[PDB]
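A.B. asks: Can you keep this structure in mind? I'll have questions shortly.
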Amino acid sequence: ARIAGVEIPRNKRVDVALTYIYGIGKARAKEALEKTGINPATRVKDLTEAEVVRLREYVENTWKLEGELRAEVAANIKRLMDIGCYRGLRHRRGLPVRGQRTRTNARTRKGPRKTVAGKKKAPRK
Amino acid sequence: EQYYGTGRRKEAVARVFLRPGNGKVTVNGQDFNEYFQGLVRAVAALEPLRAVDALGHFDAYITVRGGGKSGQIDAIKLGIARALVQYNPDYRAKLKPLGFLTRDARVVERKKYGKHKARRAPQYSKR
Amino acid sequence: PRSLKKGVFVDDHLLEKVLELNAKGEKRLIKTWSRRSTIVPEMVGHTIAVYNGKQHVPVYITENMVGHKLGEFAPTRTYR
Amino acid sequence: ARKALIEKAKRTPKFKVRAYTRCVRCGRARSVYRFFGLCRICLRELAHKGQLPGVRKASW
Amino acid sequence: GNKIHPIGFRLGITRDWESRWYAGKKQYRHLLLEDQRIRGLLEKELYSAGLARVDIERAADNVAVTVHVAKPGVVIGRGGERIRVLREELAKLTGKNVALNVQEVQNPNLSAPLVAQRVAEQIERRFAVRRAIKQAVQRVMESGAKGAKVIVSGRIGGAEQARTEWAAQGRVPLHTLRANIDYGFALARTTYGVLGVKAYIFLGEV
Amino acid sequence: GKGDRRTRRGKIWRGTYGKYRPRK
Amino acid sequence: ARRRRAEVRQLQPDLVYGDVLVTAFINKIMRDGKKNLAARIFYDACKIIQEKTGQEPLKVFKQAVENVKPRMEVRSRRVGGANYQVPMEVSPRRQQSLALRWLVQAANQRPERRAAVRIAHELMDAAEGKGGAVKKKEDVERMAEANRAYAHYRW
Amino acid sequence: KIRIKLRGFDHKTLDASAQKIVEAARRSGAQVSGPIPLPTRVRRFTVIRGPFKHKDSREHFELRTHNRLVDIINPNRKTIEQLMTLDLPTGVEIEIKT
RNA sequence: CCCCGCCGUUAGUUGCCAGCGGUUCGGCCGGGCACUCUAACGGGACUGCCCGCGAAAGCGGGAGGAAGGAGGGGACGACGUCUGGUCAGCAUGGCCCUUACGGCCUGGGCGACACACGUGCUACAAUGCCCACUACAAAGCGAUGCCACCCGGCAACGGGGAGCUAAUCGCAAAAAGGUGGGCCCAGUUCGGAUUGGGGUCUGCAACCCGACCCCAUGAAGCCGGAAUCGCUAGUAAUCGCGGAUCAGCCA
Ligand SMILES: [Mg+2]
Ligand SMILES: [Mg+2]
Ligand SMILES: [Mg+2]
Ligand SMILES: [Mg+2]
Ligand SMILES: [Mg+2]
Ligand SMILES: [Mg+2]
Ligand SMILES: [Mg+2]
Ligand SMILES: [Mg+2]
Ligand SMILES: [Mg+2]
Ligand SMILES: [Mg+2]
Ligand SMILES: [Zn+2]
């Protein structure tokens with residue numbers, strides 16, 4: 001509990017729990033458990049306060065986590081928005097950025113479908 | 001010294017050498033179950049013996065090469081049935097009506113073009 | 001996530017051009033068709049007119065952009 | 001194709017990664033089975049005239 | 001739209017390959033290319049010889065053409081003063097010492113490429129197609145032969161709407177392999193577009 | 001799933017090797 | 001079947017109860033040709049029918065099937081007016097197939113996590129006259145009797 | 001131990017012509033180890049039948065290559081004194097190691 | 001004609017507790033081809049035999065047989081139809097352009113996105129996901145190559161470096177499967193879209209517009225309206241493997 005800022009993950013295995021933190025995933029979980037010596041398997045509620053500190057002292061003092069990340073990412077994007085950059089423009093319009101197609105199939109970045117009219121004088125559609 | 005039959009099944013070939021004795025079977029330098037470990041079907045490769053009362057009257061040394069384990073299980077069921085018949089040609093009328101002597105012609109069917117999958121026809125629209 | 005392992009490719013006919021514009025002054029507008037060319041620190045300040053397929057475009061090179069690529073600032077297509 | 005585009009003949013084609021195949025028989029730049037240098041049509045036409053040795057009709 | 005090539009359909013049995021050598025994958029490609037410039041030189045120069053097929057065999061580096069023709073005269077020339085200009089025009093491009101031959105095609109009326117070549121010839125000289133065909137079937141059906149067929153395409157008569165004129169007698173069993181059915185195709189460039197001439201000749205079974 | 005690049009299953013599909021599917 | 005009568009394929013017998021009803025049932029459990037774990041399911045479910053009921057599973061199983069086989073069913077018939085649920089007999093070959101299916105489908109609506117559990121508990125409930133399968137059966141014969149007025153278009 | 005791998009495109013003109021390369025005797029003039037079958041290698045071409053669209057048409061071409069072995073023990077030069085002009089297969093190709 | 005199913009003759013640098021000897025216990029070595037196999041050539045099925053119906057052709061069933069009436073799969077598409085398709089593969093009549101409707105570059109485009117459909121992939125999980133261990137394929141491809149095995153590296157991959165013109169070396173791991181362990185019903189240890197970051201490789205060159213690796217991110221999706229597609233048996237369904245094209249790749 002309170003392993004990263006505000007992050008209280010509880011009651012699951014400690015390796016799963018840590019992933020409930022922002023800049024922390026299957027990897028860094030595995031890692032920070034090795035480098036601080038806590039068994040992956042133990043439930044979070046079954047943790048020595050002395051262990052929860054070696055965790056916090058590591059995770060918190062060794063990577064950019066939580067809002068401290070979300071902050072950088074946000075300014076990392078405005079960065080290429082301020083300059084003329086092409087990826088910046090794509091971000092500005094809210095279209096794919098990694099050279100994907102946009103004729104079909106861009107829904108996840110585009111959002112839900114903004115349907116318009118079909119024909120004026122043509123076949124059945 | 002021993003008794004032999006071949007026996008094949010769907011790209012898998014069994015070599016069955018029968019010797020007299022106890023009942024102990026060894027496929028590919030391994031105990032029977034060491035190989036076919038926990039496959040509900042395995043016991044069925046020995047139905048030739050289980051139906052000539054040869055349970056514990058024969059030992060068997062087998063090598064099997066090809067395909068996958070369930071096909072090998074059938075190839076053995078022939079090899080055993082075939083060796084058992086050059087051991088005793090009177091065993092046929094016992095064994096033939098159970099079919100153990102009929103090699104299973106059923107083989108994987110070829111992939112055709114403009115199909116997905118030898119028969120699986122690709123799906124179409126507007127009709 | 002991009003590449004060029006060791007060599008950091010920069011089109012050199014432009015490079016000999018820009019380095020030679022630093023014996024003295026910084027010529028306004030440089031006409032390149034090598035959008036293909038990585039930006040380097042020794043380009044800050046000048047103005048490079050990158051093509052387009054259709055027109056050279058006045059790309060004021062700052063220092064925020066010292067690593068990117070010239071074609072990253074000459075947008076090709078015209079949309080709404 | 002265009003006769004001018006059998007400038008594939010450029011044994012010196014500047015950069016190497018501009019090399020391309022082209023059917024030696026009808027110029028066809030696409031589907032050009034390289035064992036034969038023939039394209040997919042020329043391949044079938046010659047195969048039916050028996051002019052590619054050892055090349056039978058396949059079936060199985 | 002249907003119907004294979006009767007030769008391409010029998011190439012394993014009751015017909016063999018127009019060039020029958022061998023090569024690994026580094027060579028096949030070029031040997032074929034040369035192999036074909038041979039046939040291309042041999043079909044422009046040797047037109048009037050009336051050649052049916054052009055067999056090629058290669059072996060220890062060498063080559064071995066066997067030009068089958070109707071009138072082996074015009075390939076020999078004056079005692080031999082023609083068959084050496086060609087055997088030299090060949091070993092020019094083929095830097096590999098060629099070995100020209102000539103095989104007497106007796107019976108120009110039983111080799112399909114000839115039969116067809118002939119009908120296409122008449123068509124350029126503005127002959128009557130219907131008759132041209134019916135005759136060639138006869139000319140072939142007489143000269144031995146268990147059956148035969150001839151197809152001209154369309155623009156028959158310089159006609160504005162392409163047609164297809166037919167004609168065949170005896171047996172011509174295309175779907176049976178035990179057949180032995182020479183097939184020949186002649187083109188026929190005319191003043192008004194092209195015409196295709198196919199000749200089928202069934203001769204004996206097994 | 002065969003879509004997670006960093007699984008065993010997911011590597012096999014894309015015919016690759018890596019941390020999440022060592023070569024040998 | 002526009003020509004011949006299409007013969008029933010004879011399945012091989014069970015390896016543990018020598019019964020071909022069992023192989024019929026292990027087949028309908030099996031998906032994607034995974035036959036191994038289909039047995040591995042059924043058999044595991046069999047050693048749950050004893051460990052909760054002294055009777056050996058083979059009677060409990062065939063008892064359960066019997067409660068699910070239907071005696072009457074409707075099948076819609078096109079008429080010169082519209083559609084008509086028509087009550088029909090049920091061939092004994094089709095009672096076989098209907099009960100085995102409904103068993104395995106009702107088994108997998110059950111909320112028990114392990115699959116053998118679901119089959120076991122469904123096999124028991126059926127043999128006991130209840131559980132989901134026996135509904136969609138008493139439920140079928142209902143409609144056959146509810147549309148008795150039309151039982152005179154019997155194909 | 002004269003190893004002579006023989007291959008070509010026509011199996012009639014191999015086995016025939018590898019039968020011809022056994023001529024100090026069947027096994028009464030050298031030794032001979034029987035011509036070895038040795039599997040064939042089948043290259044396959046599949047081609048869209050017509051010239052345009054019709055994706056699902058297709059026609060299959062193979063180019064099989066068959067290989068034989070032979071192998072003679074006692075490479076005496078008397079018997080070798082037959083490999084002069086003693087041949088007749090064209091589209092067969094010969095390889096020799098020892 | 002081809003392939004698959006049973007059997008033989010020929011054939012032994014692939015195959016063997018066959019049977020022996022030697023064991024670094026590896027078919028490794030001596031040794032043998034019997035077996036499996038490899039690939040050439042034969043045999044074998046004909047309603048021939050049996051009972052029943054039939055005027056016959058045949059139909060039903062029964063023996064024996066590996067296989068029984070078309071044993072299983074391919075190749076094979078009649079006279080003709082659609083004034084079908086294709087002048088952009090190739091030919092080809094006519095028509096037109098002829099310091100440009102021809103040619104060469106460099107850059108862009110064919111990848112544009114408010115939308116709509118076709119075909120697919122991956123899913124929505126416990127008959128499941130994950131990790132470890134362990135086992136059985138067929139067909140292919142390889143010397144401007146396949147790259148065993150070592151070293152750096154979490155890894156892509158770099159360095160080094162054997163064998164292999166390849167039944168002999170390599171791609172090569174098969175994967176579902178099996179044993180053990182984790183997850184416990186959750187938008188989850190389900191799903192892996194999106195985006196941020198750092199990197200390897202191929203290429204003159206990866207902005208537009210490449211694939212792969214690692215870290216973070218972890219979207220929609222809880223089985224799909226009206227409608228609608230495939231398949232009758234080694235078939236569907238499901239699981240992986242290979243090849244053509246190709247530097248690399250959007251497979
Ligand atoms: Mg398709
Ligand atoms: Mg042209
Ligand atoms: Mg290329
Ligand atoms: Mg996952
Ligand atoms: Mg296609
Ligand atoms: Mg036929
Ligand atoms: Mg059109
Ligand atoms: Mg396109
Ligand atoms: Mg759920
Ligand atoms: Mg059908
Ligand atoms: Zn071509």
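Starting from 1 in every chain, residues are counted up; chains themselves are A, B, ... following the order of the structure tokens, and ligands are numbered from 1 as listed.
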Counting only C-alpha atoms (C1' of nucleotides) and all ligand atoms, name the residues that have an atom within 7 Å of an atom of ligand 2; the answer should be given as a compact mmCIF listing (two decimals) with C-alpha atoms, in the first residue's frame.
C.D. replies:
# COMPACT_ATOMS: atom_id res chain seq x y z
CA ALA D 1 6.14 -3.08 -71.90
CA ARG D 2 7.42 0.19 -73.34
CA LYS D 3 10.51 -0.68 -75.34
A.B. asks: Please return, as a PyMOL selection string, all residues of chain H that DSSP assigns to helix (DSSP H, G or I) on the basis of the backbone.
C.D. replies: chain H and resi 12-20+77-80
A.B. asks: Could you report the residues within 12 Å of ligand 7, using only C-alpha atoms (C1' of nucleotides) and all ligand atoms, as a PDB file with C-alpha atoms (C1' of nucleotides), in the first residue's frame?
C.D. replies:
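Done, and the output landed in out_23.pdb:
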ATOM      1  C1'   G I  84     -18.296 -11.826 -70.721  1.00  0.00           C
ATOM      2  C1'   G I  85     -12.713 -10.377 -69.409  1.00  0.00           C
ATOM      3  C1'   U I  86      -8.391  -8.534 -71.173  1.00  0.00           C
ATOM      4  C1'   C I  87      -5.237  -3.349 -76.866  1.00  0.00           C
TER       5        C I  87
END
A.B. asks: So which residues touch segment 42-45 of chain E within 10 Å, counting only C-alpha atoms (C1' of nucleotides), skipping near sequence neighbours fewer than 5 positions away, as a VMD selection string?
C.D. replies: chain E and resid 36 to 37 50 to 54 65 67 75 86 90
A.B. asks: Would you pick out the contacts of residue 46 of chain H at 8 Å or less, using only C-alpha atoms (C1' of nucleotides), so that residues sharing its chain but fewer than 5 positions from it are not included, and give the list as a VMD selection string?
C.D. replies: chain H and resid 58 to 61
